[PDB]
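The chain below stands alone and is given in structure tokens; this is the form deposited in one PDB entry.
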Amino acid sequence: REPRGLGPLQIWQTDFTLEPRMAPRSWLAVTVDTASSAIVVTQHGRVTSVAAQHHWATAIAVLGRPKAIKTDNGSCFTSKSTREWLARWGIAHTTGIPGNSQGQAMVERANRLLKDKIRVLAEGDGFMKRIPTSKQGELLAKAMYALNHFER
């Protein structure tokens, strides 16, 4: 229930964003923890309900189980499969207000910081276009570290 004392509620925003620098697994599933601004990102060869559940499994290992997750109305998020996986985990789910305007501005911003940092780290290593496959995992983890941890 409580958000840990008066602290922010454990609510996540999750989305998928396409990043060809990461092909063939160019579908990046990104979660932003709304209380701490922490971000979890994983790569996927296809945008599907199952890819979203593999991504939430990893985000759950990294940040803990949330009380609720916010997403858009994508089929990979409203499928019977995905609802059931979130029901199995005890996580509430919302797609927001029908005509929400857009409510998930934090995940959108996360999407943009990530593509920019990926581009900057990749160009730093000489990769001006698609990152060679064997170099992608450590570069993506490097971009996730860069936006999460500030030695400060």
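Whichever C-alpha set is largest while still superposing within 1.5 Å between the two forms counts as the rigid core. One rule holds for the numbers: they count along the sequence shown, beginning at 1. Residues that one form lacks are left out of the comparison.
Higher mean CA temperature factor, per the PDB entry, when comparing 66-74 with 83-91: 66-74. Look at the mean CA B-factor for 104-112 and for 37-45 in the entry; the higher one is 104-112. Ranked against the other modelled residues of its chain, the C-alpha B-factor of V50 as given in the entry falls in the middle third. The PDB entry assigns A29 a C-alpha temperature factor belonging to the lowest third of its chain's modelled residues. Among all modelled residues in this chain, the alpha-carbon of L9 has a temperature factor (C-alpha) in the highest third.
Although not depicted, the form deposited in another entry is the subject of the following passage.
Superposed on the rigid core, the two forms differ between this form and the one not shown by 2 Å or more at the C-alpha of one listed residue only; from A105, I97, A87, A61 that residue is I97. With a change of no less than 3 Å, the CA-CA distance between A38 and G99 is smaller in the other entry than in the form shown.
Once the core is fitted, the segment that moves between this form and the one not shown, counting only runs of three or more residues with each CA displaced by at least 2 angstroms, is 96-103 alone.
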